[PDB]
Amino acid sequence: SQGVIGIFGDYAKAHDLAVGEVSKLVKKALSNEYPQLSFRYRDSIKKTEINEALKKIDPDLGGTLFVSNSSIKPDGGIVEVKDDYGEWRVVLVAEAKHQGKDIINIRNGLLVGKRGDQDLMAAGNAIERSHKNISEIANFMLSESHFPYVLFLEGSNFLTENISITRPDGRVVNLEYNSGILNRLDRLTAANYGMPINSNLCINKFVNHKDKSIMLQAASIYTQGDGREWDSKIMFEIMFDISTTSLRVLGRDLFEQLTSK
């Protein structure tokens, strides 16, 4: 990539860092590009923080809490920057989910099912839980003009192209991506309003039906449709790209630090 971004990317690939460790790498890269700015990484956000942010928007919001110390822990953590007013603004929130172990089963001679004779396993729906954290962060950033939520998908339940897997028997099992027996990719499309996947959807859209005005918060949904594992170098580039976009939208509240510092 561009200058140091290529160097940081090679380090991510050399160690095959997890999403949480790649988020920490993104903060280092950001500190390197913008030395005048202050960045930090956080692994959790308590519900009391979200409610406080909700109350600032409307007094009747964020008035519910059953378990005092409730919180959310996105496996990728959170990256933030300090603005000219001394307040922390979120620049990135990452998450990585996995579902579908069919490629692993057919790579071997394992037959699944209640009878133990099926090549494929009927795909589940646990991936739907992803919407909770997306809704929590959206409420936390309801006053913001950007939504830097990145979700990485992996497994046999998120294919975007056909693949052929050869078993030890020699028989080639052919999987079709459009098969509703396995594809759960549509169980996530509501998160970004049906907008293109594998894209940076950080900048919020402002639609309107009939003189109304609404702000859409679309999450960036990236998938490895090949069936293979995610490459750490490409995860880093994607996450760094989304973080830079967050800074652009936040530009007006960071100016004094890039000049008067």
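By rigid core we mean the largest C-alpha set that fits within 1.5 Å across both forms. Note that residue numbering follows the sequence shown and begins at 1.
Asker: Between 228-236 and 207-215, which one strays more from this form in 4 other deposited structures of this protein if you match the rigid core and compare Cα atoms?
Answerer: It is 207-215 whose C-alphas lie farther from the shown form in 4 other deposited structures of this protein.
Asker: Following superposition on the rigid core, is the mean squared CA displacement, expressed as RMS, greater for 185-193 or for 117-125 in 4 other deposited structures of this protein?
Answerer: Checking 185-193 against 117-125 in 4 other deposited structures of this protein, I find the farther stretch is 117-125.
Asker: Which wins on mean Cα temperature factor, 101-109 or 140-148?
Answerer: It is 101-109.
Asker: Per the PDB record, is the mean Cα temperature factor higher over 204-212 or over 37-45?
Answerer: Comparing 37-45 with 204-212, the higher mean C-alpha B-factor belongs to 204-212.
Asker: Per the entry's Cα B factor values, which of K114, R187, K132, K73 stands out as the maximum?
Answerer: In the PDB entry, the greatest C-alpha B-factor among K114, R187, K132, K73 is found at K114.
Asker: Say you rank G77, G155, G124, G170 by Cα B-factor from the PDB entry; which sits at the top?
Answerer: Of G77, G155, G124, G170, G170 has the highest C-alpha B-factor.
Asker: Looking at the entry's B-factor column for C-alpha atoms only, identify whether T223 ranks in the lowest, middle or highest third of its chain.
Answerer: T223: CA B-factor falls in the middle third of its chain.
Asker: Considering only modelled residues of the same chain, in which third does the CA B-factor of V19 rank: lowest, middle or highest?
Answerer: Middle third - that is where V19 ends up once the chain's C-alpha B-factors are sorted.
Asker: Ranked by Cα temperature factor within the chain, is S179 in the lowest third, the middle third or the highest third?
Answerer: For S179, the deposited C-alpha B-factor lands in the middle third.
Asker: Comparing against every modelled residue in the chain, figure out the third that the C-alpha B-factor of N32 lands in (lowest, middle or highest).
Answerer: Its C-alpha B-factor belongs to the highest third of this chain's values.
Asker: Ranking the modelled residues of this chain by C-alpha B-factor as given in the entry, is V81 in the lowest, middle or highest third?
Answerer: Bottom third by C-alpha B-factor.
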